[PDB]
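Quick setup: one chain, the form deposited in one PDB entry, written in structure tokens, and binding and motion questions come after.
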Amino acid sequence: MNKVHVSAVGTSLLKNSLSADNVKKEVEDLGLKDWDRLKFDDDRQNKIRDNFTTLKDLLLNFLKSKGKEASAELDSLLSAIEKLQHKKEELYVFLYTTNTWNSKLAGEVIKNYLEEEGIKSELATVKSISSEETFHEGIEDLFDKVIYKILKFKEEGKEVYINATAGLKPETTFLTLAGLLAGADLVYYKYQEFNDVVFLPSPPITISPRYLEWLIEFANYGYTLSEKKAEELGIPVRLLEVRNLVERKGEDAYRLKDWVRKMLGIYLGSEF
């Protein structure tokens, strides 16, 4: 399985499944009417947890009946595998989703469906982003659970394709940037609007060398610098601050931002 497709999982399957009578009745009876938009800590998440196996079977049968188009993930994945001429034996699909019951439900069903079509896959889960405060931990978790994995598949010699169709814009833009810095080969997207897969312009990128050097410098001195030290090292902290790379935590001090630390520790080395 030298060809990895990476895809977020959203809840489009949950929403589209409501067009089957048996699914609608079941969801209605369990009190799960807006199950595609539950918040992470809505109590109705527990109804999904409590009924997980039965809901999984129910969605799998719907999906078998109605075909790939019920899930934006399966639609784009199978179209792109078709366009790229990837054979089943050579494919591994890496899905990720928030660690919430409604998303895990859709992800597990997609994973099962791919497996019955003879495609190996896995489902990673990541922290919910539900606020500005949780945005940051969410990004760190995407590095840890997704970007790092991309990096490792590249070291194994695999080709990595990023399916940018599913997922909220800010998580997909992160996946695209950090995924390409991790060495992914190609980003693709399926428009519903004209039922075709396109390749987004996705050149191999790296961190600007001058900036990489300034960043590693911070890492050498703990993760903070005085302004005097920055100046002496010829580091324009003003510019790093504008680019959101450092923060002014100090009296005359600059600290490297957490996401930047996580990113260095993920990419160029795994030390301090």
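Start at 1 and count along the sequence shown; that's the residue number. Think of the rigid core as the biggest set of C-alphas that the two forms share within 1.5 Å after superposition.
The question of which stretch, 112 to 120 or 190 to 198, has the higher mean Cα B factor is settled in favour of 190 to 198. Looking at 219 to 227 and 206 to 214 together, the entry lists the larger mean B-factor for 219 to 227, computed on C-alpha atoms. Reading the B-factor column for the CA atoms of 133, 156, 141, 90 in the entry, the top value corresponds to 133. For the set 58, 38, 48, 233, the PDB entry assigns the largest Cα B-factor to 233. For residue 263, the recorded CA temperature factor ranks within the highest third of the chain's modelled residues. The entry lists a Cα temperature factor for residue 253 that places it in the highest third of the chain's modelled residues.
There is also a form deposited in another entry; it is not shown, and the following applies to it.
Candidate set 37, 49, 243, 64; criterion, C-alpha shift of 2 Å or more between this form and the one not shown after rigid-core fit; matching residue, 243. After superposition on the rigid core, displacement of the C-alpha of residue 15 between this form and the one not shown stays below 2 Å.
After superposition on the rigid core, the Cα of residue 108 moves by less than 2 Å between this form and the one not shown. Relative to the superposed core, residue 75 undergoes a C-alpha shift smaller than 2 Å between this form and the one not shown. Look at residue 203 and residue 91: in the other entry their Cα atoms move 3 Å or more farther apart than in this form.
Relative to this form, in the other entry the C-alpha atoms of residue 21 and residue 193 approach one another by 3 angstroms or more.
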